[PDB]
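One-based numbering, in listed order, for ligands and for the atoms of each. Proteins get letters first, then strands, A, B, ... in listed order; numbering begins at 1 in each. Quick note: numbers below take in every heavy atom, side chains included, and nothing from hydrogens, waters or symmetry partners.
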Amino acid sequence: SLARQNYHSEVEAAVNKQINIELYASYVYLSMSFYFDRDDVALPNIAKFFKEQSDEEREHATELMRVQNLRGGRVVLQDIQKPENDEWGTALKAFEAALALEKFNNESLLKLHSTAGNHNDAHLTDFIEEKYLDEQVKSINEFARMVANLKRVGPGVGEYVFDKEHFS
Amino acid sequence: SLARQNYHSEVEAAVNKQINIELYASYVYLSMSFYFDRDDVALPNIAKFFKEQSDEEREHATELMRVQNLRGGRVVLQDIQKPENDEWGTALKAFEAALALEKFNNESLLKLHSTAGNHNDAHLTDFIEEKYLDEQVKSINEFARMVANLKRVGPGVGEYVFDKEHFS
Amino acid sequence: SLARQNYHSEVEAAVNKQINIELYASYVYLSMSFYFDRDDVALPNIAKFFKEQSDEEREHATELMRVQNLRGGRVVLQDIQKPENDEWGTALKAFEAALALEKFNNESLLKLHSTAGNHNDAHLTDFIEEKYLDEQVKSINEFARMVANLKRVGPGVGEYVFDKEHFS
Amino acid sequence: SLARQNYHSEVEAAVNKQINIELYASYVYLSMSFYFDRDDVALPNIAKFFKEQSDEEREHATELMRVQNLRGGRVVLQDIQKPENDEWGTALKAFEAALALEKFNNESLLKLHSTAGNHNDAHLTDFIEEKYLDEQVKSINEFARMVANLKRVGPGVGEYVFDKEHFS
Amino acid sequence: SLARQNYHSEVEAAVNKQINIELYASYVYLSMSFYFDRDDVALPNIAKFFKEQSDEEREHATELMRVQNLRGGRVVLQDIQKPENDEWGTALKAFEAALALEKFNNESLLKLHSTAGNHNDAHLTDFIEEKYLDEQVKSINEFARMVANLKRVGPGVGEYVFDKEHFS
Amino acid sequence: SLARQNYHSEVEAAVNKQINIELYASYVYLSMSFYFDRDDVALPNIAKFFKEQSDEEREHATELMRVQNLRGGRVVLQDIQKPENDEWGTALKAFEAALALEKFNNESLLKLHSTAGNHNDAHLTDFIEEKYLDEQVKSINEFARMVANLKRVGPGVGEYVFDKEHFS
Amino acid sequence: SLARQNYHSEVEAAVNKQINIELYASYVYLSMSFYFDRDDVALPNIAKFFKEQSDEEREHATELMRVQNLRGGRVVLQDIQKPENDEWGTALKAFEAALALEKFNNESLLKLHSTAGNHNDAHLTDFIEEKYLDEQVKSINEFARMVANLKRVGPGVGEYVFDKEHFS
Ligand SMILES: [Fe+3]
Ligand SMILES: [Fe+3]
Ligand SMILES: [Fe+3]
Ligand SMILES: [Fe+3]
Ligand SMILES: [Fe+3]
Ligand SMILES: [Fe+3]
Ligand SMILES: [Fe+3]
């Protein structure tokens with residue numbers, strides 16, 4: 001790359017790893033979406049929410065692919081591992097699994113941020129802070145609040161009311 | 001003050017005391033707001049309501065600071081004491097505490113009104129009646145009605161439904 | 001599923017296989033997009049086109065996930081295999097690879113259609129015909145015409161002119 | 001908190017300390033506002049300006065209360081100390097006191113930022129930089145320029161002209 | 001300065017150095033603009049682009065002059081050195097020279113950023129990150145992509161087509 | 001140049017000299033602008049005015065670069081010398097220095113005009129008359145009138161009133 | 001003429017000569033236009049451009065007829081000589097011929113201007129400067145740039161691309 005400057009080989013590799021983690025998260029949320037779309041689950045606002053989260057994670061991945069090229073690194077893709085489960089249980093259990101995924105995503109981003117800082121990559125630490133770290137804290141908070149509300153409403157009519165009210 | 005007329009030193013002091021009581025109430029409602037904003041409480045319409053009540057109490061304080069100057073008294077501020085609790089329990093318990101605060105505010109305003117009347121301050125008794133006493137009766141009634149409804153809906157899904165319906 | 005009717009296990013499995021093939025095609029086009037986005041390739045209308053094709057293939061996958069649920073089948077996801085290449089060569093070679101992918105997709109869809117027909121699944125043969133087979137013929141034709149034009153314009157200024165004119 | 005991640009108890013405590021400092025600054029500016037509102041001071045654009053600054057400092061406090069909750073910390077409020085003065089002297093002396101308050105606020109924010117950095121809290125260092133440090137530099141600069149202009153215009157007609165022109 | 005706080009003399013000097021580098025870059029792009037405006041070169045969209053880049057570099061300089069004043073440093077200007085060349089050769093050669101200038105500007109900014117960080121200047125590291133480092137990475141990438149396209153189109157009709165298409 | 005006609009080498013050289021003088025004037029006004037932007041000077045309408053004057057002088061330079069190319073001459077740039085001062089004293093002293101600069105610019109333009117006339121360059125004498133000599137007379141008149149008004153208003157409140165009123 | 005004042009017979013004659021030269025140039029461009037309109041040449045944007053240039057030269061002639069009458073001179077017309085060529089070769093050859101015509105027109109205008117100046121005709125020297133000399137310098141520059149671009153693009157596809165792009 002004619003452009004590459006202050007962009008360490010270790011940071012380039014760490015960006016490729018993070019691209020795969022974001023695509024994995026996109027795939028988990030796609031699975032959760034179509035689980036809540038099942039004819040025997042049928043919580044459509046939850047299903048729609050997880051499809052939107054799947055789309056957001058795919059955009060997290062593509063913006064890292066864009067910055068990889070911007071800095072003169074090379075995008076190297078890996079297999080996207082299928083999610084841990086085919087079925088996600090109650091709304092409460094699924095949102096608990098989503099919270100765990102968001103915290104895993106955050107640990108991964110903080111590791112990437114650390115690697116960038118270790119190599120004095122002021123451009124990429126700022127990029128990760130501005131475009132990833134604040135959104136990730138807001139997402140973890142959102143999922144923690146939804147878990148609190150799913151515990152509050154309980155199973156049955158509460159789950160129905162949550163689906164009808166929480167996303168409108 | 002070139003303006004001061006029929007404005008008793010005792011009434012001036014009582015207005016300064018009431019300014020501090022209104023600021024204290026503002027601080028209690030700010031505390032209640034951010035308690036309902038907690039990731040493990042997560043009742044956002046209740047949180048928003050208490051922030052609006054905090055703003056209203058701060059306006060109660062500043063309008064008394066304005067009338068203090070209007071009458072040629074001197075504003076003398078005191079420490080704003082922190083609220084009695086850091087945590088406010090169930091929605092029902094928090095609204096019961098808010099009702100008790102509103103009735104305390106009302107007793108304080110009626111005392112101020114009495115002091116003004118004892119000194120034949122027709123301007124300030126009218127000011128307190130028009131701008132404070134009617135609003136305070138309406139606020140106490142509002143909180144009593146919300147306590148009745150929080151008892152009616154009960155804990156769990158009822159608390160969620162109250163948050164989603166009561167403020168829209 | 002309370003809904004499932006005239007929907008054979010062999011057809012359900014074939015729909016899950018096709019979902020994976022569509023997600024794979026989405027991943028190939030994402031790879032091609034970011035290759036043409038490289039600072040040493042820099043053909044942005046080609047890059048944008050392949051991102052649009054990536055989005056389209058993901059929609060092909062999610063519409064099969066949707067019809068799986070409509071028929072009372074159960075979505076079962078597999079790993080999304082990384083593409084065969086990290087780098088895709090000239091515009092001509094990349095569009096030739098895309099054409100090969102589209103013909104592979106079409107063979108896969110015709111196999112799924114055959115399996116549906118073997119089980120007298122009149123709903124799913126019509127669904128595949130209406131929503132997949134005509135779009136797939138149009139996509140193969142589009143790619144064949146783009147290959148003809150990339151051969152016509154040749155390398156260098158022709159590739160630049162193709163990028164500037166072909167997607168306007 | 002189900003959300004809390006990479007958020008040290010020392011940083012949580014430092015955020016609570018800063019919340020109190022912002023509320024204190026809000027109270028100082030409310031005092032200055034009603035001083036310039038006095039019937040024997042009567043500089044209404046200065047009074048309005050300090051009320052706006054009071055409102056801004058309360059927003060500084062509530063945004064730190066919000067980020068405390070976002071990170072899964074727990075808001076702990078303390079008494080809001082009354083300002084050092086009841087009366088604030090000339091416009092020049094009041095704006096000099098305000099400048100000193102702003103520099104105190106800035107030292108406090110840089111201490112909080114240092115504590116966050118010591119614990120590798122990349123989210124909170126970015127939050128403080130983006131939402132606090134640039135605004136604080138601009139506020140100190142604004143107050144320094146207003147002090148320069150209040151020295152330039154001098155007492156009497158200059159103070160009147162400053163009030164009429166500086167906030168238009 | 002009544003405002004100056006956490007602003008080291010070494011950082012103040014480094015900001016004055018960067019102001020001169022930005023003005024130098026503005027002058028180089030003004031030279032390149034009027035070279036492409038020559039009656040025997042006559043590539044007017046390239047000329048207009050370099051005039052826009054000259055204007056942008058002057059804005060880079062004036063925003064550093066502004067932050068120098070915001071922090072209570074003192075602007076000290078130096079001679080603006082004339083560019084290395086009076087004539088810039090082919091479009092390809094001129095865009096290669098511009099890419100080298102942008103990478104020089106970036107190394108200079110990263111040095112300024114390092115100096116600020118060495119003095120724990122959280123305000124100025126964030127200012128440089130937010131307003132300089134991402135724009136500088138995007139500019140280097142833009143110039144690298146234009147060099148790739150000028151190699152692709154070749155001399156003669158390709159240069160003409162690039163001028164007519166690349167800036168539209 | 002295929003275009004060059006009735007364009008003497010002495011006139012071409014004199015245009016290059018005038019381009020440098022205009023860029024020098026631009027740099028002086030940029031210095032004066034950021035001097036009035038200082039936190040201890042803080043006359044923002046004067047600062048804005050000098051920034052506009054800096055922009056105008058840069059346009060004077062670029063229009064001479066344009067006419068150099070129109071006549072088939074060749075732009076040759078020289079170093080832009082830093083201004084005589086880092087600090088410009090009172091508003092009155094700065095405007096007196098600006099007036100001296102404008103009269104210097106005018107003497108320089110009349111010398112260029114004389115050189116053009118000596119070589120019977122009817123095109124360039126008309127160009128200098130139409131685009132430079134009348135605006136230069138109006139600029140000198142503007143600065144003389146501002147000096148008269150800065151003497152009238154005197155130091156202190158007068159300087160503040162001039163800043164607030166003269167550019168509105 | 002009751003109007004004639006400071007208008008020498010030599011200047012009147014020189015204006016009649018220049019009217020004929022402008023009409024001649026109009027006829028040359030009409031010829032070039034219909035040459036590019038030929039069924040075996042077929043460059044329609046070049047054809048349209050030369051028709052516009054023919055119209056402009058006729059306007060140059062009629063404005064000199066108008067000023068002849070304004071000054072109380074008498075218009076005396078001569079034969080309009082047919083152009084030097086019936087056919088104008090390549091686009092490059094035609095634009096080189098046009099450039100030579102424009103420089104001839106300019107020599108003629110400067111000789112007219114000299115004659116006017118020799119008779120102290122301040123009105124007519126100003127008229128020629130304002131309405132003829134700057135337009136003529138801009139026209140020569142335009143033709144020189146078009147010759148540079150026609151050399152750049154070369155014969156064949158380049159000539160086609162020039163016709164399609166240069167006049168839109
Ligand atoms: Fe993510
Ligand atoms: Fe109240
Ligand atoms: Fe497909
Ligand atoms: Fe603050
Ligand atoms: Fe720059
Ligand atoms: Fe000038
Ligand atoms: Fe003419």
Side-chain angles (χ1 to χ4, degrees), chain B residues 18-29 53-64 98 101-109 112 128 131-140 143, chain C residues 18-29 53-64 98 101-109 112 128 131-133 135-140 143, chain F residues 18-29 53-64 98 101-109 112 128 131-140 143:
Chain B
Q18 193 61 33
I19 289 161
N20 187 261
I21 290 167
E22 300 297 340
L23 291 167
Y24 174 79
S26 180
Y27 205 22
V28 171
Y29 286 140
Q53 297 300 298
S54 178
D55 296 344
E56 169 151 5
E57 296 303 331
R58 178 161 180 272
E59 192 65 13
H60 295 175
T62 62
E63 285 309 300
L64 281 164
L101 175 66
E102 294 285 333
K103 294 191 82 181
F104 172 80
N105 199 340
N106 198 35
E107 177 162 356
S108 307
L109 287 164
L112 172 62
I128 295 160
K131 297 206 174 165
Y132 289 81
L133 295 196
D134 187 58
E135 195 63 20
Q136 189 56 262
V137 154
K138 283 170 183 166
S139 188
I140 289 163
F143 276 99
Chain C
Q18 192 60 36
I19 288 161
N20 189 262
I21 290 169
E22 300 297 343
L23 290 170
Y24 174 79
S26 178
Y27 204 24
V28 172
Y29 284 140
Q53 296 302 296
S54 180
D55 296 344
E56 177 163 9
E57 295 303 329
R58 171 165 158 144
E59 298 300 306
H60 297 172
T62 61
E63 285 307 301
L64 282 161
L101 175 63
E102 294 287 331
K103 295 191 82 178
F104 170 76
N105 198 339
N106 196 36
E107 181 169 75
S108 304
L109 284 167
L112 170 62
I128 297 159
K131 297 286 203 307
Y132 288 80
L133 294 193
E135 196 56 39
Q136 189 60 84
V137 155
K138 286 174 171 163
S139 185
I140 290 164
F143 275 101
Chain F
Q18 193 59 35
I19 289 162
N20 189 260
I21 291 169
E22 300 297 340
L23 290 167
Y24 174 77
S26 180
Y27 205 22
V28 171
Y29 284 140
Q53 296 301 297
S54 176
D55 296 346
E56 283 187 23
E57 295 302 332
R58 183 165 177 263
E59 295 310 327
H60 295 173
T62 61
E63 286 302 296
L64 281 162
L101 174 64
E102 294 286 333
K103 293 191 81 181
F104 172 77
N105 194 344
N106 196 38
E107 175 174 273
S108 304
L109 284 165
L112 171 60
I128 296 159
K131 294 209 187 186
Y132 288 80
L133 295 194
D134 188 56
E135 186 42 63
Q136 189 57 87
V137 153
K138 285 172 181 162
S139 185
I140 289 161
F143 276 100

Item to check | Nearby protein N/O/S atoms (those under 2.8 Å) for the Fe ion (ligand 6), with water ignored | outcome: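 Near the Fe ion (ligand 6), below 2.8 Å, one finds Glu22(F) OE1, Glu57(F) OE1, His60(F) ND1, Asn105(F) ND2.
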Item to check | All salt bridge (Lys or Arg N to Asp or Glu O under 4.0 Å) counterparts of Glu59(B), not counting sequence neighbours | outcome: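 Once residues adjacent in sequence are excluded, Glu59(B) has no partner under the salt bridge (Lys or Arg N to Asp or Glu O under 4.0 Å) criterion.
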Item to check | Partner residues of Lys138(B) under the salt bridge (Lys or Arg N to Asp or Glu O under 4.0 Å) criterion, sequence neighbours left out | outcome: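 For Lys138(B), the residues satisfying salt bridge (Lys or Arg N to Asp or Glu O under 4.0 Å) (neighbours in sequence not counted) are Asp134(B).
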Item to check | From CA spacing to verdict: side-chain contact (heavy atoms from CB on, under 4.5 Å), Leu23(F), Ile19(F) | outcome: CA-CA 6 Å; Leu23(F) 290 167; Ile19(F) 289 162; 4.0 Å; yes
Checklist entry - Does the pair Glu57(F) and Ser54(F) meet the rule for a side-chain contact (heavy atoms from CB on, under 4.5 Å), with working shown? => result CA-CA 5 Å; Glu57(F) 295 302 332; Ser54(F) 176; 6.0 Å; no
Checklist entry - Under the side chain to side chain donor-acceptor pair (under 3.5 Å) test, which residues partner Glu22(F), sequence neighbours left out? => result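 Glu22(F): side chain to side chain donor-acceptor pair (under 3.5 Å) contacts with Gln18(F), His60(F), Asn105(F).
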Item to check | Backbone of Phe104(F) reached by a side-chain donor or acceptor of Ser108(F) within 3.5 Å | outcome: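 Yes, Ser108(F) side chain to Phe104(F) backbone: donor-acceptor pair under 3.5 Å.
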